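Accompanying notes for the structure given below.
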There are 4 protein chains.
Amino acid sequence: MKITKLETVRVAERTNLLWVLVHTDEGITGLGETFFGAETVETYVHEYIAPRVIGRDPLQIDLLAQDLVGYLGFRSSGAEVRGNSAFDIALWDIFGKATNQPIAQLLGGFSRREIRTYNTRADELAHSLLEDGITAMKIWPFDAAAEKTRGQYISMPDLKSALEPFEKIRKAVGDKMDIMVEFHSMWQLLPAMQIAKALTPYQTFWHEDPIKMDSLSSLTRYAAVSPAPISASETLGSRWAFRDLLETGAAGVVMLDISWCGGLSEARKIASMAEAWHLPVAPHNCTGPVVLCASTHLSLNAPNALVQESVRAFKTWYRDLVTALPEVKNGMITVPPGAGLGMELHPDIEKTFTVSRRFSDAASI
Amino acid sequence: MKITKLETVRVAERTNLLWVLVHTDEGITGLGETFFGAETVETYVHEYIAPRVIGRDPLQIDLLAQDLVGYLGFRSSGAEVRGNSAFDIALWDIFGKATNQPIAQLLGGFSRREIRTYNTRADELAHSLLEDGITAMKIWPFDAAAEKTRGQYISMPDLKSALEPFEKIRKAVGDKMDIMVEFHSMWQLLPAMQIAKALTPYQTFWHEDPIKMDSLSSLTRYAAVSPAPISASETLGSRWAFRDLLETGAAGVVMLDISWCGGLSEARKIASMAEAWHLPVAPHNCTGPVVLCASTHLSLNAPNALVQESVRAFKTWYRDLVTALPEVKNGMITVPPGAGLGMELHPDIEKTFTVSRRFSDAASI
Amino acid sequence: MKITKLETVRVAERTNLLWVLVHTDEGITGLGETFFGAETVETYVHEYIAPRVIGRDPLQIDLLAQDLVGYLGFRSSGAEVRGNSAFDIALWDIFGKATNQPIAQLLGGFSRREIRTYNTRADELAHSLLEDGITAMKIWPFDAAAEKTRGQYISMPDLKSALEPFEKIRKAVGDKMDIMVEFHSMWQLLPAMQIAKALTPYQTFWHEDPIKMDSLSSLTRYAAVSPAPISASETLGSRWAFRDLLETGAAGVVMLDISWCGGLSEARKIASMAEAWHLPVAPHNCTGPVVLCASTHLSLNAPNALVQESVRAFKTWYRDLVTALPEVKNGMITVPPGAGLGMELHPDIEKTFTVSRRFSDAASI
Amino acid sequence: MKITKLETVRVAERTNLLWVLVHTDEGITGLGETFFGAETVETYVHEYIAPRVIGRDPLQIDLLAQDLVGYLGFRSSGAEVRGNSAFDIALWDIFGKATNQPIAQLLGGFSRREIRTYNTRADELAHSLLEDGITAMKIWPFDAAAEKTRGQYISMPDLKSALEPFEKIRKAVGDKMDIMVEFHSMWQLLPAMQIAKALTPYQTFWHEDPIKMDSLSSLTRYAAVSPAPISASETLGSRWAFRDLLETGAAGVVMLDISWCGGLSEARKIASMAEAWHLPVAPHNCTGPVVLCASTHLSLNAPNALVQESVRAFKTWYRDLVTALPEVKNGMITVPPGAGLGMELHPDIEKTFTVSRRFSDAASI
Ligand code: NA
Ligand code: NA
Ligand code: NA
Ligand code: NA
């Protein structure tokens, strides 16, 4: 088969989201998704991807991924990579539909049928999660302090205040809850290390993006004092960035976002390489439903997948965007049934959302 | 003063080019430029930069550069960075106009008044250049072979064929011409090293982008066998990428493109850091006239600027786009006179080009 | 314009201070300053700087800095460098006056309008500072013990005695005060590490110049045991010394003195390079008013400036030496208004001080 | 005994020279010397050294060296260190006179009675030297090219021209002459390595100060390609700088100047440490006669002294400055006879030179 059209879809109600639909002459349409800079990525899909892929065989997935690597903007989570990644997800969906297989099967099989999830006042929240069988939660109580000083400095009173949610969670549920800490890359090295040390009494599970992930060698000093492994990083793109991370000797939980890192194609290879380093992988969600779903496929396949992040009670607009969703039961998530992703865009989404679409085909490129 | 409008300009005749014009309430308009993915970068300028900078003081240059660093797409030459870089150039133009000073002065002064240039059959070309006082030339005769095998392999006969231009240049002008070799990041490590060794008899001046610049530690092995220093890399963005390059112990000629690396703001800091490593800087051109001009300002200021690349006889469409150009005399280039860049977009460019413009202001953001 | 005269000024009441005034044919006079060995540095200004700079264009700042680097005495805080640094400050003052811009603007803009300051019995002092909005203080209670043994040894009873101010401060104000520790490079490595470990219970903010800064690789062992980052070092000169510091992997707070390190010219480049390492900069004061002022300009520009040290109630002789001073309000310091530094030597200082002046011009060199 | 007066002496005919005379209550006067910035160093001797040493026992040499190390300006060849070094030489002269022993004896004995020397058109010069028994010569034919580009670049034709003296020497005397190459720290790293490689066919003996000695880690890359050992460096001061040099793994011939590095006190310790690394020492001369003499004492003592540089036919003004000189016979140099240095300032030097003197004593400090 051959790719005939590239379609992009946006909704005014959720301006960070972009869907990319890859149409074929066989009528198999693949669905992909990415997040942030949706207008910019959309322009890129039509300016750059379309002229390179219309007429091409979508089943040559590794080749198409190679063919879209830019002279500029590679090894990053920039707009070009986000567009390439959404496109790659759509190819995996096509491949699944063409073979009548779920994506997890095409990756190498369902190594597990479900995987533990985690979700993002604190003590009450922890209690509610536990009773629903969720035993990990991620919080980011240092972000407000970071904004005050652009991450250069944290006063001891502000540090003490930011530690209070940890105290409250531990008082409420003790050791029954893993507590992940998100820092959103907002700190410079010295206050990051100061905060890391201060977190010691709370038995934190991971410290995610404690500093900006731009010169990774800085992580060695952080790892020297941190009481929890570094979780890094949804902000990094391509297996080459993850080689660089592994080469630091400081890598911990290997985080990635399939829509920001080069697609399922790069993500699957990052995962198997992390396993070579005896490390786990934890694919990022809480963005769109397609990324959650495709990430869940990856997490069911990769033997070293540790947890699959998800949205609490994702009763949300997710169910209005797509035809089916991954299901969570007793703190475990699994894929919707069926070939490819196991989901399509919801019929007439124009009834619920303010939809805009753009198309490229042989005549427009 | 305050920024009032962001204007982007494209021309159908030169689809890789984008101009960004920053208007102020004082009527001082700054001009910036970048290259590649012009539609994508344009969308980004209006989607992301405009809402963050309308109403802001353009003279807080370092602060505005910081404020535009993305959560994603940083430390790269991707679309976001290219837009940020064009914007930064425009701020330096405003600052120069506001102070009645050329950009080179605002960077720390004219350390030189002009700088040697270089240009990109071979033997005849070399002869012509020399007689015009140009004593360096850059060629890329391995690109055809790279395309054949996606850079995995080069046959010895194809290697021998690609060496012929070097033979012809040396036979023609001997040692009077520096020969730079461009590889456009098209080779994997092993054939890159094979080619490097084979170039030994020709006394090459630098080997530019011999491999992809995505995991820089690979450069240490290349430097171990290369008879010429590594020139790296117009494809890298932000001072953090250049820290990573310097940390390899393999850095040579430090190359950057001001419109791809974070603007004059990042470039000036990359240059002074390269000097700390006893290395030179060589800003990239042959793209648009504004980048050539702003790069020349940087090259006149930075004590470690080695050469400033330029277009042979840039009698080209350059003179139709802008009001003045850098001048080359006896193989040396200098800036056009005046405050800021010393150039503006040519009046009624709509007469020569097919122009499209887009604007953001307080009402549109 | 051209430099016409170099003037040095000393006052008998403050024998460590030296002012350097750079006169021009346009009548714009730049003011610079340095500290320690004022007679020696004065001799150097006239012996070495004057014959090299009379007749030169003062706006070529980077070039003049390069032209004054010595064959001997470079990469240091010695007399030649101190003279060069005072001269460099005066050039920045001229450049500001010529452009009607504050120095902070010429560095790249006011990234902030004010910056937190810090000052140098203990418990009462801490209380007074806090109520004036000052939340950091620096003390050096180990210096007496160091003098006793030339830094080779500290007895446990003497160590316990030197810890008492920390106890008293913490008992008084708890965690509300950052406590910086100054060691004045007075200790050898082993007792420095012993002291560092002993300081752990007091949550110190930084450990400044814990050992002599002459073979920087020794800092790696110190950093391995220190509960606070190393602050280093006002005693180091030129960006090359700071490269060496960064290369140790032990760098923390990057300290410099603009009048000891190569001027604003070297300092600005040191700052941007420290930022590449995710580290902050903290310019040294408590010397003369011009250094305090020029340092404040640097601290308002550099995005990674952490704090700007100042003199408590600098009601001192500072106000008799110069026409205006940086102002402190609620623990934050900012520059005096106006172009360049925003200050000149006070008119007829001969009324308050015992002034000596020496001049060089075209006829004397 | 106790130091009673410090006397400095300059002569208008040789403005780079400074003598320091240390008078004692026993009437034993020690003579020291340094070179460059004579007025500046003189001011320092009286401003800083005098108040610290008048009344002190001159025989506590190691202690006095320690007591003069500055808070600033240490680990350098700056003015303070040059003054300290001249003072230290004078102390060794006093110690020799007090004990009726030559300095070489007080260092640990005459390990040799004489040592090979070297001197600084080329082919004729080489011939003349050989016939006088001198079998090493040092030249600096790249300095002119360095000045043209501030050491950033050398054209291949200029490189070829600078190689001609090597060709001429080798054609004249073949392998009978060691050829040392001096670079005076004038080159950046890349052209330094280019030049080093080009020197391969000429069997050079050492490559002295090929780059600036400010961040020594750069030397590792130079040593990787150089066909001759690095000679480094008369520009470095104190044993701590030489530790840093040795730690690079690139050290070769260890060069020092006793009047620039901390005196005979630092120099003797640098020498024994170089021997621990299996490396030789080569003390710098061609400055003043006292430095030549004291260096010769060091070279007769240190088992790893390789050669002692000297002035060709030093029939020069040397014999008018001092009472006796080291003697060269058949290419070997030895000390003048007698205690201490074996020389004093020539009686009534005021008859031959335009002499200026300054004194400090108990009443002036
Ligand atoms: Na995250
Ligand atoms: Na290139
Ligand atoms: Na200090
Ligand atoms: Na020399």
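Simple scheme: letters A, B, ... for chains in structure tokens order, numbers from 1 for residues in each chain, numbers from 1 for ligands in the order shown.
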
Name the residues in contact with residue 26 (chain C) at a cut-off of 10 Å, using only C-alpha atoms, excluding same-chain residues fewer than 3 positions from it; report them as a PyMOL selection string.
-> chain C and resi 1-4+23+29+98

Can I get the selection written as a CSV table (one decimal), in the first residue's frame, with N, CA, C and O atoms?
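The resulting file, out-v6.csv, is reproduced below:
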chain,number,residue,atom,x,y,z
C,1,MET,N,36.9,58.4,19.4
C,1,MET,CA,37.7,59.2,20.4
C,1,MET,C,39.0,58.4,20.7
C,1,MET,O,39.1,57.2,20.3
C,2,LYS,N,39.9,59.1,21.4
C,2,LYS,CA,41.2,58.5,21.8
C,2,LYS,C,41.5,58.8,23.2
C,2,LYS,O,41.1,59.9,23.7
C,3,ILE,N,42.2,57.9,23.9
C,3,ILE,CA,42.7,58.1,25.2
C,3,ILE,C,43.8,59.1,25.2
C,3,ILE,O,44.7,59.0,24.4
C,4,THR,N,43.7,60.1,26.1
C,4,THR,CA,44.7,61.2,26.1
C,4,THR,C,45.6,61.1,27.4
C,4,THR,O,46.7,61.5,27.3
C,23,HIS,N,41.2,59.5,30.7
C,23,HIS,CA,40.8,60.7,30.0
C,23,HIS,C,40.8,60.5,28.5
C,23,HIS,O,41.6,59.8,28.0
C,29,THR,N,35.6,61.0,30.8
C,29,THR,CA,36.6,60.4,31.7
C,29,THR,C,36.0,59.1,32.3
C,29,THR,O,35.0,59.2,33.0
C,98,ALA,N,29.5,57.3,26.6
C,98,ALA,CA,29.4,57.6,25.1
C,98,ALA,C,28.1,57.3,24.5
C,98,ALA,O,27.7,57.9,23.5

*Got a sec to check which residues lie within 8 Å of ligand 2, using only C-alpha atoms and all ligand atoms, and send them as an NGL selection string?*
:B and (182-184 or 208-209 or 233-234 or 284)

What does the file look like for those residues with C-alpha atoms, as an mmCIF file, in the first residue's frame?
data_model
loop_
_atom_site.group_PDB
_atom_site.id
_atom_site.type_symbol
_atom_site.label_atom_id
_atom_site.label_comp_id
_atom_site.auth_asym_id
_atom_site.auth_seq_id
_atom_site.Cartn_x
_atom_site.Cartn_y
_atom_site.Cartn_z
ATOM 1 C CA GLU B 182 32.463 19.833 4.382
ATOM 2 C CA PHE B 183 30.759 16.474 5.071
ATOM 3 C CA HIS B 184 27.271 17.711 5.999
ATOM 4 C CA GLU B 208 33.452 19.913 9.071
ATOM 5 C CA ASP B 209 30.565 17.842 10.426
ATOM 6 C CA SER B 233 28.998 22.544 14.245
ATOM 7 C CA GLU B 234 26.431 24.835 12.618
ATOM 8 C CA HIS B 284 28.297 30.070 9.265
#

Item checked: Contacts of region 244-255 of chain B at 10 Å (only C-alpha atoms; same-chain gap of 6+ positions) as an MDAnalysis selection string -> (chainID A and resid 214:217) or (chainID B and resid 205:209 213 215:224 228:236 267 270:271 273:275 277:284 304:306) or (chainID C and resid 247 276) or (chainID D and resid 189:190 217:218 220:221)

For N, CA and C atoms, I'd like the residues from the last selection saved as a short mmCIF file (atom, residue, chain, number, x, y, z; two decimals), in the first residue's frame.
data_model
loop_
_atom_site.label_atom_id
_atom_site.label_comp_id
_atom_site.auth_asym_id
_atom_site.auth_seq_id
_atom_site.Cartn_x
_atom_site.Cartn_y
_atom_site.Cartn_z
N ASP A 214 20.11 19.63 29.29
CA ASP A 214 20.86 20.14 28.14
C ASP A 214 22.36 19.85 28.10
N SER A 215 23.01 19.77 29.25
CA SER A 215 24.37 19.22 29.35
C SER A 215 24.31 18.13 30.41
N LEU A 216 24.14 16.89 29.96
CA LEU A 216 23.82 15.78 30.86
C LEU A 216 24.91 15.41 31.84
N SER A 217 26.16 15.79 31.56
CA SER A 217 27.23 15.46 32.49
C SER A 217 27.00 16.07 33.89
N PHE B 205 42.42 21.71 5.77
CA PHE B 205 42.44 22.72 6.82
C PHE B 205 41.52 22.37 7.98
N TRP B 206 40.31 21.92 7.65
CA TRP B 206 39.39 21.42 8.66
C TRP B 206 38.45 20.39 8.06
N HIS B 207 37.89 19.54 8.91
CA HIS B 207 36.92 18.53 8.51
C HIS B 207 35.63 18.83 9.23
N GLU B 208 34.67 19.35 8.49
CA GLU B 208 33.45 19.91 9.07
C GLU B 208 32.32 18.90 9.08
N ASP B 209 31.70 18.74 10.25
CA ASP B 209 30.57 17.84 10.43
C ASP B 209 30.81 16.47 9.80
N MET B 213 26.02 15.17 14.63
CA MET B 213 26.42 15.77 15.90
C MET B 213 25.42 15.51 17.02
N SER B 215 25.49 12.39 19.32
CA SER B 215 26.19 11.90 20.51
C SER B 215 27.66 12.28 20.32
N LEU B 216 28.04 13.42 20.90
CA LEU B 216 29.33 14.03 20.62
C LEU B 216 30.54 13.24 21.07
N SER B 217 30.37 12.32 22.02
CA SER B 217 31.50 11.52 22.47
C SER B 217 32.14 10.71 21.32
N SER B 218 31.38 10.40 20.28
CA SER B 218 31.95 9.73 19.11
C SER B 218 33.09 10.52 18.46
N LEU B 219 33.11 11.83 18.64
CA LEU B 219 34.15 12.66 18.03
C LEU B 219 35.55 12.36 18.55
N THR B 220 35.67 11.80 19.75
CA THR B 220 37.00 11.52 20.28
C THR B 220 37.75 10.51 19.42
N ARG B 221 37.04 9.51 18.92
CA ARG B 221 37.68 8.54 18.06
C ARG B 221 38.03 9.11 16.71
N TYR B 222 37.18 9.99 16.19
CA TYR B 222 37.46 10.64 14.93
C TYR B 222 38.72 11.50 15.05
N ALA B 223 38.80 12.29 16.12
CA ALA B 223 39.94 13.17 16.31
C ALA B 223 41.25 12.39 16.46
N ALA B 224 41.15 11.15 16.92
CA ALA B 224 42.32 10.30 17.12
C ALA B 224 43.01 9.94 15.80
N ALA B 228 43.20 16.59 10.20
CA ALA B 228 42.76 17.98 10.29
C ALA B 228 41.84 18.12 11.49
N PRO B 229 41.78 19.32 12.09
CA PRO B 229 40.85 19.52 13.20
C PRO B 229 39.40 19.37 12.75
N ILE B 230 38.56 18.93 13.68
CA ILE B 230 37.13 18.88 13.47
C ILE B 230 36.57 20.29 13.50
N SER B 231 35.76 20.61 12.50
CA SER B 231 34.96 21.82 12.51
C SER B 231 33.54 21.41 12.89
N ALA B 232 33.04 21.92 14.01
CA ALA B 232 31.75 21.51 14.55
C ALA B 232 31.20 22.64 15.41
N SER B 233 29.90 22.96 15.32
CA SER B 233 29.00 22.54 14.25
C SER B 233 27.87 23.56 14.13
N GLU B 234 27.59 24.00 12.91
CA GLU B 234 26.43 24.84 12.62
C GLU B 234 25.12 24.16 13.04
N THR B 235 25.14 22.84 13.19
CA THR B 235 23.92 22.11 13.55
C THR B 235 23.61 22.08 15.05
N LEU B 236 24.54 22.55 15.88
CA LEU B 236 24.39 22.52 17.33
C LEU B 236 23.80 23.82 17.85
N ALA B 267 25.56 32.99 20.61
CA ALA B 267 26.78 32.93 19.82
C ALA B 267 27.94 33.66 20.46
N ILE B 270 29.20 31.52 23.27
CA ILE B 270 29.91 30.36 22.72
C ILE B 270 31.32 30.76 22.29
N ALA B 271 31.43 31.91 21.64
CA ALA B 271 32.73 32.37 21.17
C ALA B 271 33.72 32.60 22.31
N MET B 273 33.71 31.35 25.28
CA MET B 273 34.00 30.06 25.89
C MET B 273 34.96 29.24 25.02
N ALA B 274 34.80 29.27 23.70
CA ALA B 274 35.76 28.62 22.82
C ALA B 274 37.17 29.19 23.02
N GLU B 275 37.25 30.50 23.22
CA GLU B 275 38.54 31.14 23.45
C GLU B 275 39.19 30.65 24.74
N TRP B 277 39.11 27.71 25.68
CA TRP B 277 39.71 26.43 25.26
C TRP B 277 40.81 26.61 24.22
N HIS B 278 41.23 27.85 23.97
CA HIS B 278 42.29 28.13 22.99
C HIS B 278 41.88 27.78 21.55
N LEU B 279 40.58 27.86 21.27
CA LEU B 279 40.05 27.47 19.97
C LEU B 279 39.42 28.67 19.28
N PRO B 280 39.34 28.62 17.95
CA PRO B 280 38.74 29.71 17.18
C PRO B 280 37.26 29.48 16.92
N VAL B 281 36.58 30.54 16.48
CA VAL B 281 35.18 30.45 16.08
C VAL B 281 35.05 30.87 14.60
N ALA B 282 34.12 30.25 13.88
CA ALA B 282 33.90 30.54 12.46
C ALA B 282 32.41 30.51 12.21
N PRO B 283 31.77 31.69 12.23
CA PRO B 283 30.31 31.74 12.04
C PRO B 283 29.87 31.39 10.62
N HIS B 284 28.85 30.55 10.53
CA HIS B 284 28.30 30.07 9.26
C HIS B 284 27.52 31.15 8.52
N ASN B 304 38.72 35.68 18.92
CA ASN B 304 39.06 34.38 18.35
C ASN B 304 38.29 34.04 17.07
N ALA B 305 37.66 35.02 16.43
CA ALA B 305 37.06 34.74 15.12
C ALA B 305 38.17 34.52 14.09
N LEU B 306 38.09 33.41 13.37
CA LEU B 306 39.15 32.98 12.46
C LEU B 306 38.92 33.43 11.03
N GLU C 247 36.61 22.54 35.25
CA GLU C 247 37.11 21.23 34.83
C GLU C 247 37.37 20.29 36.00
N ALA C 276 26.73 27.99 31.79
CA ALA C 276 26.79 26.79 30.97
C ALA C 276 26.96 25.54 31.84
N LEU D 189 45.80 26.78 20.08
CA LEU D 189 46.06 25.34 20.05
C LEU D 189 46.15 24.74 18.66
N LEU D 190 45.19 25.08 17.80
CA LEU D 190 45.17 24.46 16.48
C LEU D 190 46.39 24.79 15.60
N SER D 217 45.62 21.92 30.84
CA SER D 217 45.04 20.71 30.27
C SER D 217 45.08 20.71 28.73
N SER D 218 45.11 21.89 28.11
CA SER D 218 45.26 21.95 26.66
C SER D 218 46.54 21.28 26.14
N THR D 220 47.68 18.40 26.74
CA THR D 220 47.55 16.98 26.43
C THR D 220 47.31 16.74 24.94
N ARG D 221 46.53 17.60 24.33
CA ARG D 221 46.29 17.46 22.90
C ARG D 221 47.51 17.81 22.08
#

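Interatomic distance, CA of residue 343 (chain D) against CA of residue 89 (chain D): 12.4 Å.
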
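Nearest to residue 155 (chain D) of all the residues B:116, B:82, B:10, B:171 is B:116, counting only C-alpha atoms.
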
*asked:* Give me, as an NGL selection string, the residues of chain A touching chain B, with the criterion being at most 7 Å (counting only C-alpha atoms).
replied: :A and (39-40 or 43-44 or 72-73 or 75-80 or 214-215 or 235 or 240-241 or 244)

Output C-alpha atoms of each residue in that selection to a file, as a JSON list (two decimals), in the first residue's frame.
[["chain", "number", "residue", "atom", "x", "y", "z"],
["A", 39, "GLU", "CA", -0.05, 24.96, 15.15],
["A", 40, "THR", "CA", 3.71, 24.92, 14.62],
["A", 43, "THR", "CA", 2.68, 23.54, 9.68],
["A", 44, "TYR", "CA", 5.72, 21.24, 9.77],
["A", 72, "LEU", "CA", 18.64, 20.55, 11.90],
["A", 73, "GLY", "CA", 16.49, 19.98, 14.98],
["A", 75, "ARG", "CA", 18.28, 14.81, 18.96],
["A", 76, "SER", "CA", 15.65, 17.05, 20.51],
["A", 77, "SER", "CA", 12.01, 17.38, 21.47],
["A", 78, "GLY", "CA", 11.46, 20.30, 19.07],
["A", 79, "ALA", "CA", 8.63, 20.82, 16.61],
["A", 80, "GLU", "CA", 10.09, 18.73, 13.81],
["A", 214, "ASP", "CA", 20.86, 20.14, 28.14],
["A", 215, "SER", "CA", 24.37, 19.22, 29.35],
["A", 235, "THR", "CA", 12.33, 16.25, 27.36],
["A", 240, "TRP", "CA", 21.31, 9.29, 20.81],
["A", 241, "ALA", "CA", 20.19, 11.53, 23.67],
["A", 244, "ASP", "CA", 24.38, 10.34, 26.21]]

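In this structure, CA of residue 108 (chain C) sits 21.9 Å away from CA of residue 147 (chain A).
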
When DSSP works through the backbone of this structure, what residues of region 191-347 of chain B end up as helix (DSSP H, G or I), shown as a count of residues only?
62

The distance between CA of residue 317 (chain D) and CA of residue 34 (chain D) is 16.3 Å
